[PDB]
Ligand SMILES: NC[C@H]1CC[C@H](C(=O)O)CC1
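The chain below stands alone and is given in structure tokens; this is the form deposited without the named molecule.
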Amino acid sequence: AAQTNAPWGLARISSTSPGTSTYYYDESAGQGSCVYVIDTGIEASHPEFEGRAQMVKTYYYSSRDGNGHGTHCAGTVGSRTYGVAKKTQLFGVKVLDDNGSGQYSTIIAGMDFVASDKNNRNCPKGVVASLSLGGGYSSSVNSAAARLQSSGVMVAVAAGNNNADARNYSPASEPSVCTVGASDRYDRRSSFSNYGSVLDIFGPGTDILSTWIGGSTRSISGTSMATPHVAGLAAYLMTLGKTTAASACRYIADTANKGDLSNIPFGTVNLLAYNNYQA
């Protein structure tokens, strides 16, 4: 399948070169997979989700996304126009308030929630969790992300936006999950992207168009935007049968575009997520 005039990040993940604008992908499109978006919520009524999104848990007075951040990330995973895996099922877990903030204890509870809740959902092709959040190093936060991964969920986490070594942030620094840095449309490391040995992969993170609350759209930047590209890619590849939740991060690194990004610090992987789809 070909989506013309796609957001640059979608075109990038199906291309061996920057500077194109069509997204190419197998029509299975993540059907039969599920992606949890652990964030500020999801505006499931947005036409772009086509009834495939729902809120499953909140720790606050509403499950609605009063911020936009979670809706944007969910849109990059699986919206019809802005998403990588256009037929996946999206499940929202609201661990962040409408200002985008949340306590680590709540974030930990949300991760353990997903590890159990997947047993209440139909995801025959596999389960992914996208975590576009983080803070300073916490062994307990890292352990929760490790548990979620161990339970059979492909965990993708944002590296962080401090232009710093991600070893000092959580869940970014957890070795067993997939830690995602951000790149721009010219294949440069995004100016804010964290780096370091703990990163596993880069995805598009600068000027990313996706869904927003109020049935709208907007373009924003962050490792929060790169993470759902990788989460959606994992769901798409699991639906194709090419990998599993336990192996998807390594498979994405194995099949990535290699050595094509600029301003990657010595010691950080130079790997850009790529779907290797041959039309």
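All residue numbers are counted from 1 along the displayed sequence.
Another form exists, solved in complex with the named molecule; not displayed. Remarks below refer to it.
**Student:** Classify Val127 as contacting or not contacting the named molecule in the deposited complex by the rule of any non-hydrogen atom within 4.5 angstroms, answering yes or no.
**Tutor:** So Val127 counts as contacting the named molecule.
**Student:** So in the deposited complex, does any heavy atom of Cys123 sit within 4.5 Å of the named molecule?
**Tutor:** Yes, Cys123 is a contact residue.
**Student:** Spell out, yes or no, whether the shortest heavy atom distance between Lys118 and the named molecule in the deposited complex is within 4.5 Å.
**Tutor:** Yes - in the deposited complex, heavy atoms of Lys118 and the named molecule come within 4.5 Å of each other.
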